[PDB]
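Next up is one chain by itself, shown in structure tokens, the form deposited in one PDB entry.
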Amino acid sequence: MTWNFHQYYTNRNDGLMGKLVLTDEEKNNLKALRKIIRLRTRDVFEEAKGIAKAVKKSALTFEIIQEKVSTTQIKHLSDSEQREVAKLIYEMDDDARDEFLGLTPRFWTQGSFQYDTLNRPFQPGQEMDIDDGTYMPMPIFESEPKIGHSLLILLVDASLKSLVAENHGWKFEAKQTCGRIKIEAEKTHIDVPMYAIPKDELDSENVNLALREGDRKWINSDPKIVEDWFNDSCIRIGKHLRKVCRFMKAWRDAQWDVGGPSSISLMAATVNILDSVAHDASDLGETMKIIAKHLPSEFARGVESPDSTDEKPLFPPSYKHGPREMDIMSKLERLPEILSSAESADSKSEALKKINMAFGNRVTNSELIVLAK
């Protein structure tokens, strides 16, 4: 009794991959959602820039500026927020207004869904986490850019909130790093962080994330850093990297209804292990056992972000562990034992049941599990 699980994992119909990967349709529906947001955000900025251009032509009273604001999509903000938008437009200097009039919101063409490892949600209440940033090409700024933090966030909020008003089942929720649209019926939420970038390329640093609460209004955070890291890793290691990342993310979804380690911490740890430990990429069952064996050590040490400019660990080191991190360490230690137990189970039926204690009950096809060669 030594069971092989390579097809349990990799089978694109009945295997774990077949249960995790979104259909071409479901993917296109997320793309459609994403497109609706981007269009509305662009539309809102035009409406606002429309008012700004009228002010450049003639400096209107605040009352007239406010009336114009009130009949834009910005009408979906509160009264005080509309006043604030109208006041910011009223207060613009010539230099600032010309900047604003040249600003159109930008979106990332290279962005995939979770580095192309977005899994179908497993447990009831679990939702797909989709991020689509809005990039604001502006002059490089020291503290604050000509176009203010406040105005930009208000306009993005107006965009998201105006969509929420026109679409039943949608809700808005403001977060630290982003505005969020939650669509519970579609088990989906999409986060719209807002970044400031240089007008002329020059993209290394000076990607600035807008923070909604607190003293710092902007922080340096370039999502391209982690994206490049991971894409390069997949090239260096092989096509199985994304698969094993999907599997660990699925394991996480199965072990915790809410909570568990971040997907990125699992990706960083998995990459570290596959770079440093011999494995056979032709057997994902053997490969997963190798990953399972080494994860506890990766997490115990704390998981460093692949972005060297991020001082905060993706997962805390052992000495900073509370009940939640202790819980996570505990399940990580169980994982390699679960995989070995499945491997030596009495039957196909039992082997499936045991491995499904790691990844949840999804795969129903025991025939994917085969007697070892």
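One-based numbering along the sequence shown. Rigid core (definition): largest C-alpha set, two forms, superposition within 1.5 Å. Only residues modelled in both forms are compared.
Unshown form solved in complex with a small molecule; subsequent notes refer to it.
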property	result
Residues 112, 209 and 223 all lining the small molecule in the deposited bound form, heavy atom within 4.5 Å	yes
Heavy atom of residue 85 within 4.5 Å of the small molecule in the deposited bound form	no
Partner proximity in the deposited bound form: residue 177 to the small molecule, non-hydrogen atom cutoff 4.5 Å	yes
Residue 151 within 4.5 Å of the small molecule in the deposited bound form, heavy atoms	no
Touches the small molecule in the deposited bound form: residue 310 (any heavy atom, 4.5 Å)	yes
Options 123 to 131, 161 to 169, 73 to 81, 234 to 242; stretch whose heavy atom lies within 4.5 Å of the small molecule in the deposited bound form	123 to 131
Proximity to the small molecule in the deposited bound form, single hit among 217, 289, 252, 279 (heavy atom within 4.5 Å)	252
The small molecule: the contacting residue among 296, 193, 145, 302 in the deposited bound form [heavy atom, 4.5 Å]	193
Only residue that shifts (Cα, 2 Å or more, rigid core superposed) between the shown form and the other one, among 112, 71, 123, 276	112
Relative Cα spacing, residue 110 and residue 267, in the deposited bound form - shift of 3 Å or more	closer
Cα-Cα shift for residue 111 and residue 43, closer or farther in the deposited bound form, minimum 3 Å	farther
Rigid-core superposition between the shown form and the other one, with residue runs of at least 3 whose C-alphas all shift by 2 Å or more	109 to 112
